[PDB]
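A single chain, nothing else alongside it, follows as structure tokens in the form solved without this ligand.
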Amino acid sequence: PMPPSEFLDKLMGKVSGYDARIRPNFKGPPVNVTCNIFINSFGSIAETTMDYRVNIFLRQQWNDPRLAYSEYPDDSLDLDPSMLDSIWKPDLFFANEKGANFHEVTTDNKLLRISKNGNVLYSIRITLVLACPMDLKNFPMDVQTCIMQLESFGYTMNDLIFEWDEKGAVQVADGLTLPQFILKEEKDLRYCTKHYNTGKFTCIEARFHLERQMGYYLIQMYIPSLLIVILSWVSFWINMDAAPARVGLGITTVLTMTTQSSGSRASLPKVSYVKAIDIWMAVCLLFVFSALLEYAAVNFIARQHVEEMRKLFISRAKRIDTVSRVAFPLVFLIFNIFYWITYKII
């Protein structure tokens, strides 16, 4: 008969002594808030800043016995966000926020419904820009584990405990793709219970494993740098004598493999250690410079070394030729059989 918003104003008003500043079960057991999120959007995972933007639906559930109506005939009284500052709510925050905001377009994007036994569902929409430290040792083949962690701010462990619900604690939207990554399905769920000189505060966290799309770096970086090493060798499939074809086509490989090494570290943070794209760009400069070093070894013989003198001339220039037709692919393919296996076992 009486409408619920009219019914609820006396359920939690100044009458019946409801004070929104006081947690449920006061001077009792701690409040068990159970949580689950729903990732709408995900991404812009910057590595210069080592953070990522996420857009979630944070659902929180607890039990307020002061709100447990009995006589109203329905099962779920909702509550618009205008009266949402009138009940108790948990003081959740994110321990690695780095700035975040609500969404208020056409209405505060907030949801609240109250069951008969005082079970309270509270769902809001948040955009977060969460920090995650990026480990870039094996850079195009890394698995980034960027986390997010949810803590109480004012209430300690003996007053308020966060939990993940067992019914799908992290859902992901259906067509959620990433431009550079794959969000794996297994999401680790564990506690991070903090300690300060103020006290100990509850924490729960989720761990998202992000595996890269290697195919972009394979297209822009590896495959052109693979062919210049092949360009380094067909220029050695060359005429009898030393020639300017052995000169300009050797420094051709120098200009390209440094250009590929210049544009390699374009959008990378200035990490102190060495990453996997470096030791590819190192060898793809080392085998480039070993093409000019063979021509100088030929020029060390072509200027140094009339039937006996001409026999001593080609007694060295072909001992160096028929080996480097074989030795250059041997040391290169023994590198790839050692390079790729290390980055396909980690």
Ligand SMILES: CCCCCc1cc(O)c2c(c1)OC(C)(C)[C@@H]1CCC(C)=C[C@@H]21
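Rigid core (definition): largest C-alpha set, two forms, superposition within 1.5 Å. In case it trips you up, residue 1 is the first one in the sequence shown, and so on.
Gaps at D321 occur in none of the other compared entries of the protein that contain both adjacent residues, all of which model it rather than a third dropping it. Among other compared entries that model residues flanking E307, a third or more give it no coordinates.
According to the PDB entry, the deposited sequence contains 10 or more residues between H305 and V306 that lack coordinates.
The protein also exists as the form deposited with this ligand bound; that form is not presented, and the subsequent description refers to it.
Note that among 306-314, 66-74, 286-294, 46-54, the stretch whose heavy atoms approach this ligand to within 4.5 Å in the bound PDB entry is 286-294. For the options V15, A20, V323, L333, the one in contact with this ligand in the bound PDB entry, meaning a heavy atom within 4.5 Å, is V323. After superposition on the rigid core, the single residue among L249, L178, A173, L111 whose C-alpha moves by 2 Å or more between the shown form and the other one is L249. Core-superposed comparison between the shown form and the other one: the C-alpha position of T48 differs by less than 2 Å. After superposition on the rigid core, the Cα of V143 moves by less than 2 Å between the shown form and the other one.
A movement of the C-alpha atom of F102 falling short of 2 angstroms is seen between the shown form and the other one when the two forms are aligned on their rigid core.
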